[PDB]
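Input: a single structure, listed below in structure tokens.
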Amino acid sequence: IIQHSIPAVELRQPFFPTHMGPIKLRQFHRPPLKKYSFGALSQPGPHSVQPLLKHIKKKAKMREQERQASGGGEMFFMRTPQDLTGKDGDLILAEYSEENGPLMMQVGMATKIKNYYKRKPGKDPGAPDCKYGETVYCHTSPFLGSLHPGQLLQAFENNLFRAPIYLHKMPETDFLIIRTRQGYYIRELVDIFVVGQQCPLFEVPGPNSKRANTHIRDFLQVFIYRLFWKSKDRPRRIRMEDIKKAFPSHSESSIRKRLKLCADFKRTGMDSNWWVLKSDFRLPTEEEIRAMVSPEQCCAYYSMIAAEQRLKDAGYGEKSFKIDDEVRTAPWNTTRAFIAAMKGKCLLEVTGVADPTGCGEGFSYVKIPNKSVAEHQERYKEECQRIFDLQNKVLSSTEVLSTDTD
DNA sequence: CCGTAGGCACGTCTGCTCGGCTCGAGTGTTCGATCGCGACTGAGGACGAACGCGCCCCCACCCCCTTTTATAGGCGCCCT
């Protein structure tokens, strides 16, 4: 059970962008430092980097007191955008080995760490302890390969994906800088996980699929309801211009569709007119709005449009998505293939063009039929096992390489 | 007679309707594969017929009964 932060659950901006142009899609999950137009750090010259130690201790203390003040047990702390800052709480880094994994979290979403352990035969004294995560004793593997007896494997686990992770040490040279309009802050950060290839648990839709079109529609609908809720006017009213600015690729006519059932156009002598909430229309509750569209569904959709943009950039037209190698790497194909195989509907290529590492240390998620048929499945498991073990060994290794001069 | 107001026209924006295109779903037909049945072949075992071997009988061949006579050494037995 995953409980996301309130800003994420509410699909607030900027945590959940309403629109992304080509540039943003290319930079998806890699935001570049952009200059500020105003505020302290818009100014030239040196700027102080501030310590956070007193602040970190204080927030931990305040949070624990709030915990004891009601009057123990479990509390949920991620209620406001302010609670999501890197400025307090314990922090880890996670570095993703896939250049563009099929699903990624937005800021404000939650994930668990699970410590998968397989018992040694006979008298097992229990799993080793880890600094992070909750131990899970598993007789069957949640991955493509099987755990060996006595093997502990850490992993990220959420509704988008499961992925093995490997704990490493941050280099002694490195610090985390947090940057706001107001100043820089610095934190020590020692724990950094390498993330291995994802096992997708959520299916990414194809471009212009019914699923995709239903999603943008519903997301637009949610944004609209939230606009009415934000309005302080009675009767509530919103401006077309504000919707168009958030959804610049929607025609005014398609926006009028979403508005015709809940609101009335009020014309004024000025090129700004209002849509006023109908007096017999009951605005959906917070709880009902949340049920309309989940953060996971937004993540699936984002994955599609970003991939679609990268494909266009590489010369692959919409008619391409009998199929080109590059199109096989698309998240709508890889997630579909992996999930089908998880349900026993087919097997996976494993060795193939969709291996995200390009060098045999990752899996190619491409459907092959279940179609000597005990040898067919034993060969699939053997190959899965080999790559599974290879990935764990390479990504957990502390060996120092050796810059490639090419 | 002069100035102000009103009306008309034009443009822009929004909404509604109509048409066209695309996508999806379902149903039907055709093709391929699998399964089943039958036939053939091969192998092994059993039964019957023919040939060979073994056993018994028969046949064949040779000498063994006797007589005669000349000759003469050695043996053993009868009663003188």
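Lettering and numbering for the structure tokens are positional, with chains as A, B, ... in the shown order, residues counted from 1 in each chain, and ligands counted from 1 in the shown order.
Secondary structure from DSSP on the backbone puts strand (DSSP E) at the following positions of region 230-289 of chain A: residues 237, 238, 239, 263, 264, 265, 266, 274, 275, 276 and 277 of chain A.
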### Task
Report as a ChimeraX atom specification the set of chain B residues whose atoms approach chain A to within 9 Å, with distances computed over only C-alpha atoms (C1' of nucleotides).
/B:13-15
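CA of residue 31 (chain A) lies 17.4 Å from CA of residue 84 (chain A).
Of the residues in region 194-233 of chain A, those that DSSP places in helix (DSSP H, G or I) on the basis of the backbone are residues 210, 211, 212, 213, 214, 215, 216, 217, 218, 219, 220, 221, 222, 223, 224, 225, 226, 227, 228, 229 and 230 of chain A.
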Just to be explicit: take each residue in the selection above, keep N, CA, C and O atoms, and write the result as a PDB file, in the first residue's frame.
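Wrote part_13.pdb, looks like this:
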ATOM      1  N   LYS A 210      -7.049   4.694 -26.895  1.00  0.00           N
ATOM      2  CA  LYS A 210      -8.264   5.149 -26.225  1.00  0.00           C
ATOM      3  C   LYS A 210      -7.931   5.512 -24.785  1.00  0.00           C
ATOM      4  O   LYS A 210      -8.442   6.483 -24.233  1.00  0.00           O
ATOM      5  N   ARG A 211      -7.040   4.726 -24.201  1.00  0.00           N
ATOM      6  CA  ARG A 211      -6.569   4.945 -22.848  1.00  0.00           C
ATOM      7  C   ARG A 211      -5.911   6.338 -22.725  1.00  0.00           C
ATOM      8  O   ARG A 211      -6.322   7.143 -21.891  1.00  0.00           O
ATOM      9  N   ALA A 212      -4.946   6.644 -23.591  1.00  0.00           N
ATOM     10  CA  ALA A 212      -4.299   7.965 -23.592  1.00  0.00           C
ATOM     11  C   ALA A 212      -5.294   9.115 -23.734  1.00  0.00           C
ATOM     12  O   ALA A 212      -5.200  10.118 -23.023  1.00  0.00           O
ATOM     13  N   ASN A 213      -6.231   8.972 -24.665  1.00  0.00           N
ATOM     14  CA  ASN A 213      -7.197  10.035 -24.931  1.00  0.00           C
ATOM     15  C   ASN A 213      -8.166  10.192 -23.779  1.00  0.00           C
ATOM     16  O   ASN A 213      -8.611  11.295 -23.470  1.00  0.00           O
ATOM     17  N   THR A 214      -8.508   9.078 -23.143  1.00  0.00           N
ATOM     18  CA  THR A 214      -9.364   9.146 -21.971  1.00  0.00           C
ATOM     19  C   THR A 214      -8.612   9.837 -20.841  1.00  0.00           C
ATOM     20  O   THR A 214      -9.207  10.620 -20.100  1.00  0.00           O
ATOM     21  N   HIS A 215      -7.303   9.593 -20.732  1.00  0.00           N
ATOM     22  CA  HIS A 215      -6.532  10.205 -19.652  1.00  0.00           C
ATOM     23  C   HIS A 215      -6.434  11.739 -19.744  1.00  0.00           C
ATOM     24  O   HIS A 215      -6.640  12.429 -18.741  1.00  0.00           O
ATOM     25  N   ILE A 216      -6.106  12.272 -20.922  1.00  0.00           N
ATOM     26  CA  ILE A 216      -5.926  13.720 -21.028  1.00  0.00           C
ATOM     27  C   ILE A 216      -7.250  14.394 -20.774  1.00  0.00           C
ATOM     28  O   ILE A 216      -7.306  15.446 -20.122  1.00  0.00           O
ATOM     29  N   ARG A 217      -8.307  13.788 -21.311  1.00  0.00           N
ATOM     30  CA  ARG A 217      -9.661  14.259 -21.076  1.00  0.00           C
ATOM     31  C   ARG A 217      -9.961  14.352 -19.563  1.00  0.00           C
ATOM     32  O   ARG A 217     -10.315  15.424 -19.050  1.00  0.00           O
ATOM     33  N   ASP A 218      -9.781  13.246 -18.849  1.00  0.00           N
ATOM     34  CA  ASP A 218     -10.046  13.212 -17.411  1.00  0.00           C
ATOM     35  C   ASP A 218      -9.158  14.180 -16.602  1.00  0.00           C
ATOM     36  O   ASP A 218      -9.629  14.840 -15.689  1.00  0.00           O
ATOM     37  N   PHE A 219      -7.880  14.263 -16.956  1.00  0.00           N
ATOM     38  CA  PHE A 219      -6.931  15.181 -16.319  1.00  0.00           C
ATOM     39  C   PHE A 219      -7.354  16.640 -16.526  1.00  0.00           C
ATOM     40  O   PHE A 219      -7.319  17.453 -15.597  1.00  0.00           O
ATOM     41  N   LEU A 220      -7.760  16.962 -17.750  1.00  0.00           N
ATOM     42  CA  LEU A 220      -8.303  18.287 -18.054  1.00  0.00           C
ATOM     43  C   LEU A 220      -9.538  18.547 -17.194  1.00  0.00           C
ATOM     44  O   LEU A 220      -9.716  19.649 -16.652  1.00  0.00           O
ATOM     45  N   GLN A 221     -10.379  17.524 -17.053  1.00  0.00           N
ATOM     46  CA  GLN A 221     -11.607  17.668 -16.276  1.00  0.00           C
ATOM     47  C   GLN A 221     -11.277  17.968 -14.817  1.00  0.00           C
ATOM     48  O   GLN A 221     -11.927  18.815 -14.189  1.00  0.00           O
ATOM     49  N   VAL A 222     -10.256  17.285 -14.295  1.00  0.00           N
ATOM     50  CA  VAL A 222      -9.820  17.482 -12.919  1.00  0.00           C
ATOM     51  C   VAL A 222      -9.302  18.911 -12.713  1.00  0.00           C
ATOM     52  O   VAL A 222      -9.639  19.564 -11.712  1.00  0.00           O
ATOM     53  N   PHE A 223      -8.483  19.381 -13.657  1.00  0.00           N
ATOM     54  CA  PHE A 223      -7.906  20.716 -13.590  1.00  0.00           C
ATOM     55  C   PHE A 223      -9.036  21.748 -13.551  1.00  0.00           C
ATOM     56  O   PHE A 223      -8.996  22.698 -12.782  1.00  0.00           O
ATOM     57  N   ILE A 224     -10.062  21.535 -14.366  1.00  0.00           N
ATOM     58  CA  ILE A 224     -11.211  22.431 -14.401  1.00  0.00           C
ATOM     59  C   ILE A 224     -11.958  22.495 -13.057  1.00  0.00           C
ATOM     60  O   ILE A 224     -12.185  23.591 -12.531  1.00  0.00           O
ATOM     61  N   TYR A 225     -12.336  21.336 -12.511  1.00  0.00           N
ATOM     62  CA  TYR A 225     -12.994  21.289 -11.198  1.00  0.00           C
ATOM     63  C   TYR A 225     -12.154  22.013 -10.154  1.00  0.00           C
ATOM     64  O   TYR A 225     -12.680  22.808  -9.369  1.00  0.00           O
ATOM     65  N   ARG A 226     -10.847  21.759 -10.149  1.00  0.00           N
ATOM     66  CA  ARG A 226      -9.975  22.424  -9.183  1.00  0.00           C
ATOM     67  C   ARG A 226      -9.920  23.932  -9.403  1.00  0.00           C
ATOM     68  O   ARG A 226      -9.735  24.692  -8.453  1.00  0.00           O
ATOM     69  N   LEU A 227     -10.119  24.381 -10.641  1.00  0.00           N
ATOM     70  CA  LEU A 227     -10.159  25.825 -10.897  1.00  0.00           C
ATOM     71  C   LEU A 227     -11.387  26.426 -10.220  1.00  0.00           C
ATOM     72  O   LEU A 227     -11.294  27.430  -9.503  1.00  0.00           O
ATOM     73  N   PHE A 228     -12.545  25.809 -10.437  1.00  0.00           N
ATOM     74  CA  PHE A 228     -13.760  26.244  -9.741  1.00  0.00           C
ATOM     75  C   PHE A 228     -13.593  26.245  -8.227  1.00  0.00           C
ATOM     76  O   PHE A 228     -14.046  27.172  -7.562  1.00  0.00           O
ATOM     77  N   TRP A 229     -12.937  25.224  -7.683  1.00  0.00           N
ATOM     78  CA  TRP A 229     -12.745  25.147  -6.230  1.00  0.00           C
ATOM     79  C   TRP A 229     -11.863  26.277  -5.695  1.00  0.00           C
ATOM     80  O   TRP A 229     -12.011  26.705  -4.548  1.00  0.00           O
ATOM     81  N   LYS A 230     -10.948  26.755  -6.531  1.00  0.00           N
ATOM     82  CA  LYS A 230     -10.006  27.801  -6.144  1.00  0.00           C
ATOM     83  C   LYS A 230     -10.654  29.185  -6.210  1.00  0.00           C
ATOM     84  O   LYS A 230     -10.240  30.116  -5.521  1.00  0.00           O
TER      85      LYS A 230
END
#### Entry: Spatial neighbours of residue 138 (chain A), 7 Å, only C-alpha atoms (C1' of nucleotides), chain gap at least 2 places, as a list in words
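Counting only C-alpha atoms (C1' of nucleotides), the residues come to residues 116, 117, 118, 136, 140 and 141 of chain A.
Rounded to one decimal, CA of residue 61 (chain A) and CA of residue 107 (chain A) lie 24.3 Å from each other.
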What's the 6 Å shell around region 335-340 of chain A, counting only C-alpha atoms (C1' of nucleotides), without same-chain residues fewer than 3 positions away, as a PDB file with N, CA, C and O atoms, in the first residue's frame?
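Final file, part34.pdb:
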ATOM      1  N   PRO A 200       8.381  -3.236 -14.777  1.00  0.00           N
ATOM      2  CA  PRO A 200       7.216  -2.339 -14.810  1.00  0.00           C
ATOM      3  C   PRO A 200       5.972  -3.041 -14.285  1.00  0.00           C
ATOM      4  O   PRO A 200       5.729  -4.196 -14.657  1.00  0.00           O
ATOM      5  N   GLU A 203       1.092  -0.403 -16.915  1.00  0.00           N
ATOM      6  CA  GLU A 203       1.195  -0.347 -18.367  1.00  0.00           C
ATOM      7  C   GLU A 203       1.167   1.086 -18.921  1.00  0.00           C
ATOM      8  O   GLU A 203       0.256   1.869 -18.624  1.00  0.00           O
ATOM      9  N   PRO A 331       8.128   2.531 -24.347  1.00  0.00           N
ATOM     10  CA  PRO A 331       7.565   2.046 -23.078  1.00  0.00           C
ATOM     11  C   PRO A 331       6.193   1.406 -23.238  1.00  0.00           C
ATOM     12  O   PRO A 331       5.851   0.536 -22.436  1.00  0.00           O
ATOM     13  N   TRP A 332       5.424   1.806 -24.247  1.00  0.00           N
ATOM     14  CA  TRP A 332       4.157   1.120 -24.487  1.00  0.00           C
ATOM     15  C   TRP A 332       4.379  -0.323 -24.951  1.00  0.00           C
ATOM     16  O   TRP A 332       3.546  -1.191 -24.692  1.00  0.00           O
ATOM     17  N   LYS A 343       1.893 -12.277 -16.346  1.00  0.00           N
ATOM     18  CA  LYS A 343       0.605 -12.953 -16.217  1.00  0.00           C
ATOM     19  C   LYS A 343       0.604 -14.331 -16.899  1.00  0.00           C
ATOM     20  O   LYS A 343      -0.431 -15.001 -16.969  1.00  0.00           O
ATOM     21  N   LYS A 345       0.990 -14.953 -20.034  1.00  0.00           N
ATOM     22  CA  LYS A 345       0.432 -14.925 -21.385  1.00  0.00           C
ATOM     23  C   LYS A 345       1.471 -15.180 -22.499  1.00  0.00           C
ATOM     24  O   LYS A 345       1.100 -15.477 -23.631  1.00  0.00           O
ATOM     25  N   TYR A 365      12.699  -6.604 -23.213  1.00  0.00           N
ATOM     26  CA  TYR A 365      11.276  -6.889 -23.015  1.00  0.00           C
ATOM     27  C   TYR A 365      10.532  -6.933 -24.355  1.00  0.00           C
ATOM     28  O   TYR A 365       9.925  -5.936 -24.772  1.00  0.00           O
ATOM     29  N   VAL A 366      10.587  -8.083 -25.025  1.00  0.00           N
ATOM     30  CA  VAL A 366       9.876  -8.295 -26.293  1.00  0.00           C
ATOM     31  C   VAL A 366       9.187  -9.656 -26.245  1.00  0.00           C
ATOM     32  O   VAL A 366       9.821 -10.669 -25.898  1.00  0.00           O
ATOM     33  N   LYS A 367       7.892  -9.680 -26.563  1.00  0.00           N
ATOM     34  CA  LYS A 367       7.099 -10.911 -26.468  1.00  0.00           C
ATOM     35  C   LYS A 367       7.603 -12.014 -27.389  1.00  0.00           C
ATOM     36  O   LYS A 367       7.828 -11.781 -28.576  1.00  0.00           O
TER      37      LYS A 367
END
### Task
Skip residue 150 (chain A) itself and residues of its chain fewer than 3 positions away, then list as number ranges by chain all residues within 10 Å of it, counting only C-alpha atoms (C1' of nucleotides).
A: 117-121, 124-128, 147, 153
Could you write out that same residue set with N, CA, C and O atoms as a PDB file, in the first residue's frame?
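Writing the result to out21.pdb gives the following:
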ATOM      1  N   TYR A 117      14.773 -11.486   0.864  1.00  0.00           N
ATOM      2  CA  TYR A 117      15.738 -12.449   1.372  1.00  0.00           C
ATOM      3  C   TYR A 117      15.236 -13.862   1.145  1.00  0.00           C
ATOM      4  O   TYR A 117      14.049 -14.139   1.342  1.00  0.00           O
ATOM      5  N   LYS A 118      16.127 -14.760   0.730  1.00  0.00           N
ATOM      6  CA  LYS A 118      15.767 -16.176   0.645  1.00  0.00           C
ATOM      7  C   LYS A 118      16.495 -16.985   1.713  1.00  0.00           C
ATOM      8  O   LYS A 118      17.728 -16.962   1.790  1.00  0.00           O
ATOM      9  N   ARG A 119      15.729 -17.696   2.530  1.00  0.00           N
ATOM     10  CA  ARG A 119      16.296 -18.442   3.651  1.00  0.00           C
ATOM     11  C   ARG A 119      17.280 -19.525   3.230  1.00  0.00           C
ATOM     12  O   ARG A 119      17.124 -20.159   2.179  1.00  0.00           O
ATOM     13  N   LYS A 120      18.321 -19.697   4.042  1.00  0.00           N
ATOM     14  CA  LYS A 120      19.267 -20.780   3.850  1.00  0.00           C
ATOM     15  C   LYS A 120      18.550 -22.067   4.235  1.00  0.00           C
ATOM     16  O   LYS A 120      17.561 -22.040   4.970  1.00  0.00           O
ATOM     17  N   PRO A 121      19.031 -23.207   3.730  1.00  0.00           N
ATOM     18  CA  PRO A 121      18.308 -24.441   4.052  1.00  0.00           C
ATOM     19  C   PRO A 121      18.523 -24.860   5.501  1.00  0.00           C
ATOM     20  O   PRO A 121      19.604 -24.652   6.067  1.00  0.00           O
ATOM     21  N   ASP A 124      17.742 -21.379   9.363  1.00  0.00           N
ATOM     22  CA  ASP A 124      18.100 -20.019   8.979  1.00  0.00           C
ATOM     23  C   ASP A 124      17.909 -19.054  10.154  1.00  0.00           C
ATOM     24  O   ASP A 124      16.824 -18.974  10.737  1.00  0.00           O
ATOM     25  N   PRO A 125      18.974 -18.323  10.508  1.00  0.00           N
ATOM     26  CA  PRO A 125      18.948 -17.387  11.636  1.00  0.00           C
ATOM     27  C   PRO A 125      18.272 -16.067  11.273  1.00  0.00           C
ATOM     28  O   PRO A 125      18.052 -15.239  12.159  1.00  0.00           O
ATOM     29  N   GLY A 126      17.940 -15.874  10.000  1.00  0.00           N
ATOM     30  CA  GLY A 126      17.249 -14.664   9.584  1.00  0.00           C
ATOM     31  C   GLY A 126      18.067 -13.799   8.638  1.00  0.00           C
ATOM     32  O   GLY A 126      19.271 -13.987   8.469  1.00  0.00           O
ATOM     33  N   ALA A 127      17.412 -12.827   8.022  1.00  0.00           N
ATOM     34  CA  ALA A 127      18.091 -11.969   7.065  1.00  0.00           C
ATOM     35  C   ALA A 127      19.047 -11.006   7.775  1.00  0.00           C
ATOM     36  O   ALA A 127      18.823 -10.642   8.930  1.00  0.00           O
ATOM     37  N   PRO A 128      20.123 -10.594   7.081  1.00  0.00           N
ATOM     38  CA  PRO A 128      20.983  -9.534   7.610  1.00  0.00           C
ATOM     39  C   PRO A 128      20.154  -8.272   7.729  1.00  0.00           C
ATOM     40  O   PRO A 128      19.170  -8.125   6.996  1.00  0.00           O
ATOM     41  N   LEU A 147      16.362 -15.642  -6.365  1.00  0.00           N
ATOM     42  CA  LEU A 147      17.347 -15.460  -5.307  1.00  0.00           C
ATOM     43  C   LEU A 147      18.005 -16.795  -4.970  1.00  0.00           C
ATOM     44  O   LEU A 147      17.356 -17.832  -5.022  1.00  0.00           O
ATOM     45  N   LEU A 153      18.569  -9.100  -1.379  1.00  0.00           N
ATOM     46  CA  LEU A 153      18.548  -8.131  -2.473  1.00  0.00           C
ATOM     47  C   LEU A 153      17.603  -6.970  -2.156  1.00  0.00           C
ATOM     48  O   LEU A 153      16.397  -7.179  -1.956  1.00  0.00           O
TER      49      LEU A 153
END
#### Entry: Distance of CA of residue 357 (chain A) from CA of residue 25 (chain A), expressed in Å to one decimal place
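Atom-to-atom, CA of residue 25 (chain A) to CA of residue 357 (chain A), that is 21.6 Å.
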